[PDB]
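Containing CSV, C-alpha atoms and all ligand atoms: input.csv.
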```
chain,number,residue,atom,x,y,z
Z,700,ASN,CA,-58.6,-100.5,80.5
Z,701,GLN,CA,-60.5,-101.8,83.5
Z,702,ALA,CA,-60.0,-98.3,85.0
Z,703,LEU,CA,-62.5,-97.1,82.4
Z,704,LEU,CA,-65.5,-98.7,84.1
Z,705,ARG,CA,-66.1,-97.6,87.7
Z,706,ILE,CA,-67.8,-100.2,89.8
Z,707,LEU,CA,-70.3,-98.2,92.0
Z,708,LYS,CA,-71.6,-98.9,95.4
Z,709,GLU,CA,-75.4,-98.7,95.9
Z,710,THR,CA,-74.7,-96.1,98.6
Z,711,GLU,CA,-73.0,-93.5,96.2
Z,712,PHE,CA,-75.8,-92.9,93.7
Z,713,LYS,CA,-79.5,-92.4,93.8
Z,714,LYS,CA,-82.3,-92.6,91.2
Z,715,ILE,CA,-84.4,-89.4,91.2
Z,716,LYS,CA,-86.6,-89.4,88.1
Z,717,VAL,CA,-87.8,-91.8,85.4
Z,718,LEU,CA,-86.7,-90.7,81.9
Z,719,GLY,CA,-88.2,-93.6,79.9
Z,720,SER,CA,-88.0,-97.3,79.1
Z,721,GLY,CA,-87.2,-99.6,76.4
Z,722,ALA,CA,-86.8,-103.3,75.6
Z,723,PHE,CA,-83.9,-103.9,78.0
Z,724,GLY,CA,-84.6,-101.6,81.0
Z,725,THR,CA,-85.7,-98.3,82.4
Z,726,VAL,CA,-83.6,-95.1,82.3
Z,727,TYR,CA,-83.6,-92.7,85.2
Z,728,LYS,CA,-82.1,-89.4,85.8
Z,729,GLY,CA,-80.0,-90.0,88.9
Z,730,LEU,CA,-77.4,-88.4,91.1
Z,731,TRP,CA,-73.8,-89.4,91.9
Z,732,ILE,CA,-72.7,-88.5,95.4
Z,733,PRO,CA,-68.9,-88.6,95.6
Z,734,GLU,CA,-67.8,-90.1,98.9
Z,735,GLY,CA,-66.6,-87.4,101.2
Z,736,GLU,CA,-68.2,-84.6,99.2
Z,737,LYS,CA,-71.3,-82.5,99.4
Z,738,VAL,CA,-72.0,-82.2,95.7
Z,739,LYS,CA,-74.6,-84.2,93.7
Z,740,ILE,CA,-73.7,-84.9,90.1
Z,741,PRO,CA,-76.4,-85.7,87.6
Z,742,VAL,CA,-76.1,-89.1,85.8
Z,743,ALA,CA,-78.3,-91.4,83.7
Z,744,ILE,CA,-79.0,-94.8,85.1
Z,745,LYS,CA,-80.3,-97.8,83.2
Z,746,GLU,CA,-81.7,-100.5,85.4
Z,747,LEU,CA,-82.1,-103.9,83.7
Z,748,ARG,CA,-85.6,-105.2,83.7
Z,749,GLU,CA,-84.7,-108.8,84.6
Z,750,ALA,CA,-82.8,-109.7,87.7
Z,751,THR,CA,-79.7,-111.8,87.0
Z,752,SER,CA,-77.6,-114.3,88.7
Z,753,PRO,CA,-73.9,-113.6,89.3
Z,754,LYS,CA,-73.3,-116.0,86.4
Z,755,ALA,CA,-75.0,-113.8,83.9
Z,756,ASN,CA,-73.3,-110.9,85.7
Z,757,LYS,CA,-70.0,-112.1,84.4
Z,758,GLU,CA,-71.4,-111.8,80.8
Z,759,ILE,CA,-72.8,-108.4,81.5
Z,760,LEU,CA,-69.5,-107.2,83.1
Z,761,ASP,CA,-67.5,-108.7,80.2
Z,762,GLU,CA,-69.5,-106.5,77.8
Z,763,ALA,CA,-69.5,-103.4,80.1
Z,764,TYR,CA,-65.7,-103.3,80.0
Z,765,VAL,CA,-66.0,-103.0,76.2
Z,766,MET,CA,-68.7,-100.3,76.2
Z,767,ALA,CA,-66.6,-98.3,78.7
Z,768,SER,CA,-63.6,-98.4,76.3
Z,769,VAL,CA,-65.0,-96.5,73.3
Z,770,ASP,CA,-63.5,-93.1,72.6
Z,771,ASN,CA,-64.9,-91.1,69.7
Z,772,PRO,CA,-66.8,-87.8,69.7
Z,773,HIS,CA,-69.9,-89.4,68.2
Z,774,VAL,CA,-70.2,-92.5,70.3
Z,775,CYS,CA,-71.3,-92.5,73.9
Z,776,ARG,CA,-69.3,-94.4,76.5
Z,777,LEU,CA,-70.4,-96.5,79.5
Z,778,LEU,CA,-69.1,-94.9,82.7
Z,779,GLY,CA,-70.1,-97.2,85.6
Z,780,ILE,CA,-72.0,-100.2,86.8
Z,781,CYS,CA,-73.6,-101.4,90.0
Z,782,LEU,CA,-74.4,-105.1,90.2
Z,783,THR,CA,-77.5,-105.2,92.4
Z,784,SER,CA,-80.1,-107.9,92.0
Z,785,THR,CA,-81.0,-106.0,88.8
Z,786,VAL,CA,-78.0,-104.5,87.2
Z,787,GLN,CA,-77.7,-100.7,87.0
Z,788,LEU,CA,-75.6,-99.0,84.3
Z,789,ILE,CA,-74.4,-95.4,84.6
Z,790,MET,CA,-73.6,-93.0,81.7
Z,791,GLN,CA,-73.5,-89.3,81.2
Z,792,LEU,CA,-76.9,-87.6,81.3
Z,793,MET,CA,-78.0,-85.9,78.1
Z,794,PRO,CA,-80.5,-83.2,79.1
Z,795,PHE,CA,-81.6,-82.7,75.5
Z,796,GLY,CA,-82.7,-86.4,75.3
Z,797,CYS,CA,-82.6,-88.6,72.2
Z,798,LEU,CA,-82.6,-87.2,68.6
Z,799,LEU,CA,-86.1,-88.7,67.9
Z,800,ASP,CA,-87.8,-86.6,70.6
Z,801,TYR,CA,-85.7,-83.7,69.5
Z,802,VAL,CA,-86.9,-83.7,65.8
Z,803,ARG,CA,-90.5,-84.4,66.9
Z,804,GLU,CA,-90.5,-81.4,69.3
Z,805,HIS,CA,-88.8,-79.1,66.8
Z,806,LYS,CA,-90.6,-80.3,63.6
Z,807,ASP,CA,-91.0,-76.7,62.5
Z,808,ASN,CA,-87.7,-75.2,63.4
Z,809,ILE,CA,-85.0,-77.7,62.1
Z,810,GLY,CA,-83.1,-76.4,59.1
Z,811,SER,CA,-81.3,-78.6,56.6
Z,812,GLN,CA,-77.8,-77.8,57.9
Z,813,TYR,CA,-78.7,-79.5,61.2
Z,814,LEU,CA,-80.3,-82.5,59.6
Z,815,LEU,CA,-77.4,-83.2,57.2
Z,816,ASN,CA,-74.8,-82.7,59.9
Z,817,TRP,CA,-76.7,-85.2,62.2
Z,818,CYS,CA,-76.5,-87.7,59.3
Z,819,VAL,CA,-72.8,-87.1,59.0
Z,820,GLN,CA,-72.2,-87.4,62.7
Z,821,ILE,CA,-74.3,-90.6,63.0
Z,822,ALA,CA,-72.3,-92.1,60.1
Z,823,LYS,CA,-69.0,-91.1,61.8
Z,824,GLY,CA,-70.0,-92.9,65.0
Z,825,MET,CA,-71.1,-96.0,63.2
Z,826,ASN,CA,-67.9,-96.0,61.2
Z,827,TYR,CA,-65.9,-95.8,64.5
Z,828,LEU,CA,-67.9,-98.8,65.9
Z,829,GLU,CA,-67.1,-100.8,62.7
Z,830,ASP,CA,-63.4,-100.0,63.1
Z,831,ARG,CA,-63.7,-101.3,66.7
Z,832,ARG,CA,-65.4,-104.6,65.5
Z,833,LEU,CA,-68.7,-103.5,67.1
Z,834,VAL,CA,-72.1,-104.0,65.5
Z,835,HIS,CA,-74.8,-101.8,66.9
Z,836,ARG,CA,-77.9,-104.1,66.4
Z,837,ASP,CA,-80.4,-101.5,67.5
Z,838,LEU,CA,-79.6,-98.3,65.6
Z,839,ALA,CA,-82.6,-95.9,65.5
Z,840,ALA,CA,-83.1,-92.3,66.2
Z,841,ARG,CA,-84.1,-93.3,69.8
Z,842,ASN,CA,-80.6,-94.6,70.3
Z,843,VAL,CA,-78.9,-91.4,69.1
Z,844,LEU,CA,-78.6,-88.9,72.0
Z,845,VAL,CA,-78.4,-85.1,71.6
Z,846,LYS,CA,-75.4,-83.7,73.6
Z,847,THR,CA,-76.0,-80.2,72.2
Z,848,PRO,CA,-78.3,-79.4,69.2
Z,849,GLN,CA,-75.0,-79.3,67.3
Z,850,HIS,CA,-73.6,-82.6,68.5
Z,851,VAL,CA,-75.2,-86.0,68.5
Z,852,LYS,CA,-73.8,-89.3,69.8
Z,853,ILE,CA,-74.7,-92.9,69.3
Z,854,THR,CA,-75.8,-95.0,72.4
Z,855,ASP,CA,-76.9,-98.5,73.3
Z,856,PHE,CA,-74.7,-100.4,70.8
Z,857,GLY,CA,-73.3,-103.8,71.8
Z,858,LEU,CA,-71.6,-107.0,70.8
Z,859,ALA,CA,-73.2,-110.4,70.0
Z,876,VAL,CA,-87.6,-106.7,68.6
Z,877,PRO,CA,-87.2,-103.6,66.4
Z,878,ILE,CA,-88.5,-105.4,63.2
Z,879,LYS,CA,-89.1,-102.1,61.4
Z,880,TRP,CA,-85.4,-101.0,61.7
Z,881,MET,CA,-83.9,-104.4,60.9
Z,882,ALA,CA,-82.4,-105.6,57.6
Z,883,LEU,CA,-84.3,-108.2,55.8
Z,884,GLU,CA,-81.7,-110.8,56.5
Z,885,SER,CA,-81.9,-110.0,60.2
Z,886,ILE,CA,-85.7,-110.6,60.2
Z,887,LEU,CA,-85.4,-113.9,58.4
Z,888,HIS,CA,-82.1,-115.4,59.5
Z,889,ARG,CA,-80.8,-113.7,62.6
Z,890,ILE,CA,-77.9,-112.4,60.6
Z,891,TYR,CA,-76.4,-109.2,61.9
Z,892,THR,CA,-73.4,-107.6,60.3
Z,893,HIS,CA,-72.1,-104.1,59.7
Z,894,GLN,CA,-74.1,-104.2,56.5
Z,895,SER,CA,-77.3,-104.9,58.3
Z,896,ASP,CA,-76.4,-101.9,60.6
Z,897,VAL,CA,-76.3,-99.8,57.4
Z,898,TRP,CA,-79.9,-100.8,56.7
Z,899,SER,CA,-80.8,-99.5,60.2
Z,900,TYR,CA,-78.9,-96.4,59.5
Z,901,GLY,CA,-81.0,-95.8,56.4
Z,902,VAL,CA,-84.2,-96.1,58.5
Z,903,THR,CA,-82.7,-93.7,61.1
Z,904,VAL,CA,-82.0,-91.1,58.4
Z,905,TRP,CA,-85.6,-91.5,57.3
Z,906,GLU,CA,-86.8,-90.8,60.8
Z,907,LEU,CA,-84.8,-87.6,60.9
Z,908,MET,CA,-86.0,-86.4,57.4
Z,909,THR,CA,-89.6,-87.1,58.3
Z,910,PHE,CA,-89.0,-85.3,61.6
Z,911,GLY,CA,-89.7,-88.5,63.6
Z,912,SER,CA,-92.4,-90.4,61.7
Z,913,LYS,CA,-93.1,-94.0,62.6
Z,914,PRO,CA,-91.7,-96.2,59.8
Z,915,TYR,CA,-94.3,-98.4,58.1
Z,916,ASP,CA,-97.0,-96.8,60.3
Z,917,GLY,CA,-100.0,-99.2,60.6
Z,918,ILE,CA,-98.3,-102.1,58.8
Z,919,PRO,CA,-98.2,-105.0,61.3
Z,920,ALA,CA,-94.8,-106.2,62.2
Z,921,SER,CA,-95.7,-109.7,61.2
Z,922,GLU,CA,-96.0,-108.6,57.6
Z,923,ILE,CA,-92.9,-106.3,57.2
Z,924,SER,CA,-90.8,-109.3,56.1
Z,925,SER,CA,-93.2,-109.9,53.3
Z,926,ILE,CA,-93.5,-106.4,51.9
Z,927,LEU,CA,-89.7,-106.0,51.9
Z,928,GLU,CA,-89.2,-109.1,49.7
Z,929,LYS,CA,-91.9,-107.7,47.4
Z,930,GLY,CA,-89.8,-104.5,47.0
Z,931,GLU,CA,-91.6,-101.8,48.9
Z,932,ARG,CA,-89.5,-99.4,50.9
Z,933,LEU,CA,-90.1,-96.5,53.1
Z,934,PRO,CA,-91.5,-93.6,50.9
Z,935,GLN,CA,-89.5,-90.6,49.9
Z,936,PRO,CA,-89.6,-88.1,52.7
Z,937,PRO,CA,-91.4,-84.9,51.6
Z,938,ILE,CA,-88.3,-82.7,52.2
Z,939,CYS,CA,-85.9,-85.1,50.5
Z,940,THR,CA,-84.5,-84.6,47.0
Z,941,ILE,CA,-83.9,-87.7,44.9
Z,942,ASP,CA,-80.2,-87.4,45.6
Z,943,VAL,CA,-80.8,-88.0,49.4
Z,944,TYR,CA,-83.5,-90.6,48.8
Z,945,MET,CA,-81.2,-92.6,46.6
Z,946,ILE,CA,-78.8,-93.0,49.5
Z,947,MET,CA,-81.6,-94.3,51.8
Z,948,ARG,CA,-82.7,-96.7,49.1
Z,949,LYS,CA,-79.2,-98.1,48.6
Z,950,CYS,CA,-79.1,-98.8,52.3
Z,951,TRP,CA,-82.1,-101.0,51.9
Z,952,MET,CA,-80.9,-103.2,49.1
Z,953,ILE,CA,-81.4,-106.9,49.6
Z,954,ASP,CA,-77.9,-107.9,48.7
Z,955,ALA,CA,-76.0,-106.7,51.8
Z,956,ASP,CA,-72.8,-106.3,49.9
Z,957,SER,CA,-74.4,-103.7,47.6
Z,958,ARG,CA,-75.3,-101.4,50.5
Z,959,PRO,CA,-73.0,-98.4,51.0
Z,960,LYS,CA,-70.2,-98.5,53.6
Z,961,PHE,CA,-70.2,-96.1,56.5
Z,962,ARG,CA,-67.0,-94.6,55.1
Z,963,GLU,CA,-68.8,-93.8,51.9
Z,964,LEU,CA,-71.9,-92.4,53.7
Z,965,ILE,CA,-69.7,-89.9,55.6
Z,966,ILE,CA,-68.2,-88.5,52.4
Z,967,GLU,CA,-71.6,-88.3,50.7
Z,968,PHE,CA,-73.4,-86.5,53.5
Z,969,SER,CA,-70.4,-84.2,54.1
Z,970,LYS,CA,-70.7,-83.1,50.4
Z,971,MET,CA,-74.4,-82.4,50.8
Z,972,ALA,CA,-73.8,-80.6,54.1
Z,973,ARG,CA,-71.6,-78.1,52.2
Z,974,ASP,CA,-74.7,-77.0,50.3
Z,975,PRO,CA,-77.7,-78.2,52.3
Z,976,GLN,CA,-80.2,-76.2,50.4
Z,977,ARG,CA,-79.4,-78.2,47.2
Z,978,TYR,CA,-80.4,-81.5,48.8
Z,979,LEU,CA,-83.1,-80.8,51.4
Z,980,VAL,CA,-86.3,-78.8,50.6
Z,981,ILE,CA,-87.5,-77.2,53.8
Z,982,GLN,CA,-89.9,-74.3,54.0
Z,983,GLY,CA,-88.4,-71.4,55.9
Z,984,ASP,CA,-84.9,-72.9,55.6
Z,985,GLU,CA,-83.6,-69.5,54.9
Z,986,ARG,CA,-84.8,-68.2,58.3
Z,987,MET,CA,-83.9,-71.2,60.4
Z,988,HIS,CA,-81.2,-70.8,63.0
Z,989,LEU,CA,-77.9,-72.1,61.6
Z,990,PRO,CA,-75.1,-73.1,64.0
Z,991,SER,CA,-73.4,-69.9,64.8
Z,992,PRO,CA,-69.8,-69.7,66.0
Z,993,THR,CA,-70.8,-67.7,69.1
Z,994,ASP,CA,-73.6,-70.2,69.9
Z,995,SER,CA,-71.2,-73.1,69.3
Z,996,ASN,CA,-68.6,-71.8,71.8
Z,997,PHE,CA,-71.1,-71.1,74.4
Z,998,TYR,CA,-72.7,-74.6,74.2
Z,999,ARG,CA,-69.4,-76.3,74.3
Z,1000,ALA,CA,-68.1,-74.4,77.3
Z,1001,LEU,CA,-71.3,-75.3,79.3
Z,1002,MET,CA,-72.2,-78.8,78.2
Z,1003,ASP,CA,-69.6,-80.2,75.7
Z,1004,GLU,CA,-65.9,-79.7,76.4
Z,1005,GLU,CA,-64.7,-82.8,74.6
Z,1006,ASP,CA,-62.3,-82.6,71.6
Z,1007,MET,CA,-64.6,-83.2,68.7
J,1,LIG,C1,-78.2,-114.1,78.3
J,1,LIG,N1,-78.9,-113.4,79.5
J,1,LIG,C2,-80.1,-112.5,79.1
J,1,LIG,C3,-79.8,-111.0,79.2
J,1,LIG,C4,-78.2,-110.8,79.1
J,1,LIG,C5,-77.6,-109.4,79.1
J,1,LIG,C6,-76.2,-109.3,78.6
J,1,LIG,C7,-75.6,-108.0,78.6
J,1,LIG,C8,-76.1,-106.8,79.0
J,1,LIG,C9,-75.3,-105.5,78.9
J,1,LIG,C10,-74.0,-105.4,79.2
J,1,LIG,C11,-73.2,-104.2,79.1
J,1,LIG,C12,-73.8,-103.0,78.7
J,1,LIG,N2,-73.2,-101.8,78.6
J,1,LIG,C13,-73.8,-100.7,78.2
J,1,LIG,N3,-75.1,-100.5,77.9
J,1,LIG,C14,-75.7,-99.3,77.4
J,1,LIG,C15,-76.3,-98.4,78.5
J,1,LIG,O1,-75.9,-98.6,79.6
J,1,LIG,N4,-77.2,-97.3,78.3
J,1,LIG,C16,-77.7,-96.5,79.2
J,1,LIG,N5,-78.6,-95.5,79.1
J,1,LIG,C17,-78.7,-94.8,80.3
J,1,LIG,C18,-78.0,-95.2,81.3
J,1,LIG,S1,-77.0,-96.4,80.9
J,1,LIG,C19,-74.6,-98.5,76.6
J,1,LIG,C20,-74.2,-97.2,76.9
J,1,LIG,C21,-73.2,-96.5,76.2
J,1,LIG,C22,-72.7,-97.0,75.0
J,1,LIG,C23,-73.1,-98.3,74.6
J,1,LIG,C24,-74.0,-99.0,75.4
J,1,LIG,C25,-75.8,-101.8,78.0
J,1,LIG,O2,-77.0,-101.6,77.7
J,1,LIG,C26,-75.2,-103.0,78.4
J,1,LIG,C27,-75.9,-104.3,78.5
J,1,LIG,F1,-77.2,-104.3,78.2
J,1,LIG,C28,-77.4,-106.9,79.5
J,1,LIG,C29,-78.1,-108.2,79.5
J,1,LIG,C30,-77.4,-111.5,80.2
J,1,LIG,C31,-77.8,-112.9,80.4
J,2,LIG,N1,-77.8,-91.0,78.7
J,2,LIG,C1,-79.1,-90.6,78.6
J,2,LIG,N2,-79.4,-89.3,78.9
J,2,LIG,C2,-80.7,-88.9,78.7
J,2,LIG,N3,-81.8,-89.6,78.3
J,2,LIG,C3,-81.4,-90.9,78.0
J,2,LIG,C4,-80.1,-91.4,78.1
J,2,LIG,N4,-80.1,-92.8,77.7
J,2,LIG,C5,-81.4,-93.0,77.4
J,2,LIG,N5,-82.2,-91.9,77.5
J,2,LIG,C6,-83.6,-91.8,77.3
J,2,LIG,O1,-84.2,-92.8,78.0
J,2,LIG,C7,-85.4,-93.3,77.3
J,2,LIG,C8,-85.4,-94.8,77.2
J,2,LIG,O2,-84.1,-95.2,76.7
J,2,LIG,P1,-83.9,-96.8,76.5
J,2,LIG,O3,-84.4,-97.5,77.8
J,2,LIG,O4,-82.5,-97.1,76.0
J,2,LIG,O5,-84.9,-97.2,75.4
J,2,LIG,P2,-85.0,-96.8,73.8
J,2,LIG,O6,-83.6,-96.8,73.4
J,2,LIG,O7,-85.8,-95.5,73.7
J,2,LIG,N6,-85.8,-98.1,73.3
J,2,LIG,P3,-85.1,-99.5,73.0
J,2,LIG,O8,-84.3,-99.4,71.7
J,2,LIG,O9,-86.1,-100.6,72.7
J,2,LIG,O10,-84.3,-100.0,74.1
J,2,LIG,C9,-85.4,-92.6,76.0
J,2,LIG,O11,-86.2,-91.4,76.1
J,2,LIG,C10,-83.9,-92.1,75.8
J,2,LIG,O12,-83.8,-91.0,75.0
J,3,MG,MG,-81.8,-96.9,74.1
```

Could I get this file's structure written as structure tokens?
Ligand SMILES: CN1CCC(c2ccc(-c3ccc4ncn([C@@H](C(=O)Nc5nccs5)c5ccccc5)c(=O)c4c3F)cc2)CC1
Ligand SMILES: Nc1ncnc2c1ncn2[C@@H]1O[C@H](COP(=O)(O)OP(=O)(O)NP(=O)(O)O)[C@@H](O)[C@H]1O
Ligand SMILES: [Mg+2]
Amino acid sequence: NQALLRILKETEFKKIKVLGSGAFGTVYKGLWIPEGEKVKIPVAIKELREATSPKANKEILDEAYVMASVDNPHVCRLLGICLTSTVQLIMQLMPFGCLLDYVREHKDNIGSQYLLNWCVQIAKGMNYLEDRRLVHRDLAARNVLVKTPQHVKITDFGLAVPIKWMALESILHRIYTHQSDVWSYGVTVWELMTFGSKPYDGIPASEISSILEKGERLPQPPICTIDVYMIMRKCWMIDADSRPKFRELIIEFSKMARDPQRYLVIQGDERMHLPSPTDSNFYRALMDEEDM
């Protein structure tokens, strides 16, 4: 259990390049230098923005042991931690980056088979987190990492502000449940189907709470048939108990992924690279050897 989180010494890893930043910290590409070795192993390091006292460090550690204990092909795992004045967290480095950047940079080359499978895989990861009594609380395309173009994994979940991803009851009452996570999942699917559009673009965050109670929702993505948009809309129902369950969303997107051209309308979809077996084996042997 506690063997799943490696406590690292400052002297055995090095930050080498900034990857990006978010609400809680800054992510670096870094290098692990095993003691007694000459090799340098790439890692991703998140340094927390606010220095902490050893008293808050107990809380951070308590949670780190949980994030190091997840084991599902579609959920990322915490690997290590270094408790400096500002805490540094270590996980596997995903050279392809997050799914949001991936769909933005490939807006004109992503076919429906990929999009629907990503939706399946994200739902699978969220379903595993629910089975483990874990609520994500910040699900968005930016917190889905691309291991290979064929394999995405959820990151940066937790235990107990992105207003535009949050369920209405989260905005108003600080209520976060698995059903509010289903709301955020709906927005994430919308980001993918719009190839990374900003949700409610230009609407001030102060006024999102109002327009949701008045019944507006994110618009139907241009490539979406009504069958797909109906799923997104059910995720944004005000009564949290009416939203689909992750178990149901897996089944639904798996059905659609068996005939992706019936449910997503993409120009050039017939010419788009579909995940070939030869390409799948190659990718897995170089970057992705886990069971899946
Ligand atoms: C009340 N006060 C104010 C601030 C409080 C606070 C409490 C807890 C934590 C905390 C603890 C453990 C964590 N464990 C992992 N992670 C993810 C992660 O490291 N991401 C990465 N990206 C790249 C490299 S590492 C991650 C990675 C993989 C799967 C899930 C989650 C965390 O963010 C994480 C975490 F923020 C931070 C701050 C403490 C005191
Ligand atoms: N393990 C990783 N490998 C590669 N890139 C990563 C990894 N983890 C995070 N990133 C990237 O690091 C950048 C910042 O991530 P992070 O600091 O978690 O913020 P965010 O998730 O983008 N925003 P926020 O939700 O507010 O925290 C993004 O470009 C991520 O895609
Ligand atoms: Mg993140």

Surroundings of ligand LIG 2 (chain J) up to 8 Å, based on all atoms listed in the file, as a PyMOL selection string: chain Z and resi 718-728+742-745+790-800+837-839+841-844+854-855+876-877

Using all atoms listed in the file: which of Z:858, Z:890, Z:802, Z:702 has the shortest distance to ligand LIG 1 (chain J): Z:858

Exercise answer, 8 Å around ligand LIG 1 (chain J) with all atoms listed in the file, as a PyMOL selection string: chain Z and resi 723+726-727+742-747+749+751+755-756+758-767+769+774-778+787-792+853-857

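Between atom CA of residue Z:716 and atom CA of residue Z:750 there is a distance of 20.7 Å.
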
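Taking only C-alpha atoms and all ligand atoms into account, ligand MG 3 (chain J) lies nearest to Z:852 out of the set Z:852, Z:973, Z:949, Z:988.
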
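Atom CA of residue Z:803 is positioned 16.8 Å from atom MG of ligand MG 3 (chain J).
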
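A straight line drawn from atom CA of residue Z:951 to atom CA of residue Z:772 is 26.9 Å long.
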
Contact residues around residue Z:706 with all atoms listed in the file at 7 Å, ignoring same-chain residues under 6 positions, as a PyMOL selection string: chain Z and resi 779-781

Distance query residue Z:732 at most 6 Å, all atoms listed in the file, self and fewer than 4 positions along chain excluded, as a ChimeraX atom specification: /Z:711-712,739

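Of the residues under consideration (Z:835, Z:773, Z:893, Z:929), Z:835 shows the shortest atom-to-atom contact distance to ligand MG 3 (chain J) when counting only C-alpha atoms and all ligand atoms.
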
Shortest interatomic distance to ligand MG 3 (chain J) - which of Z:738, Z:730, Z:840, Z:818, counting only C-alpha atoms and all ligand atoms: Z:840

Which of Z:920, Z:982, Z:910, Z:847 sits closest to residue Z:995 [using all atoms listed in the file]: Z:847

Neighbour list for residue Z:819 as number ranges by chain, cut-off 8 Å, all atoms listed in the file, skip fewer than 4 positions in-chain: Z: 815, 823, 964-965, 968-969

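Ranking Z:831, Z:714, Z:836, Z:708 by their shortest atom-to-atom distance to ligand MG 3 (chain J), with all atoms listed in the file included, puts Z:836 first.
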
Can you give me N, CA and C atoms for stretch 822-834 of chain Z, written as a compact mmCIF listing (two decimals), in the frame of the given file?
```txt
# COMPACT_ATOMS: atom_id res chain seq x y z
N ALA Z 822 -73.13 -91.24 60.96
CA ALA Z 822 -72.30 -92.10 60.10
C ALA Z 822 -70.89 -92.20 60.68
N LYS Z 823 -70.36 -91.09 61.20
CA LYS Z 823 -69.00 -91.10 61.80
C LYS Z 823 -69.00 -92.04 63.03
N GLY Z 824 -70.02 -91.99 63.88
CA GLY Z 824 -70.00 -92.90 65.00
C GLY Z 824 -70.11 -94.34 64.61
N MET Z 825 -70.99 -94.65 63.64
CA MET Z 825 -71.10 -96.00 63.20
C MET Z 825 -69.80 -96.50 62.52
N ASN Z 826 -69.14 -95.62 61.77
CA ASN Z 826 -67.90 -96.00 61.20
C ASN Z 826 -66.83 -96.29 62.27
N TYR Z 827 -66.82 -95.52 63.37
CA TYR Z 827 -65.90 -95.80 64.50
C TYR Z 827 -66.24 -97.19 65.09
N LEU Z 828 -67.53 -97.46 65.32
CA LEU Z 828 -67.90 -98.80 65.90
C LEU Z 828 -67.47 -99.90 64.98
N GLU Z 829 -67.59 -99.74 63.65
CA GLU Z 829 -67.10 -100.80 62.70
C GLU Z 829 -65.60 -100.95 62.85
N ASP Z 830 -64.84 -99.85 62.88
CA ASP Z 830 -63.40 -100.00 63.10
C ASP Z 830 -63.09 -100.73 64.38
N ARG Z 831 -63.92 -100.60 65.41
CA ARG Z 831 -63.70 -101.30 66.70
C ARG Z 831 -64.26 -102.72 66.69
N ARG Z 832 -64.77 -103.23 65.56
CA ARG Z 832 -65.40 -104.60 65.50
C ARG Z 832 -66.67 -104.63 66.33
N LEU Z 833 -67.42 -103.52 66.40
CA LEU Z 833 -68.70 -103.50 67.10
C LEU Z 833 -69.87 -103.29 66.20
N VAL Z 834 -70.86 -104.15 66.32
CA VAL Z 834 -72.10 -104.00 65.50
C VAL Z 834 -73.15 -103.47 66.47
```
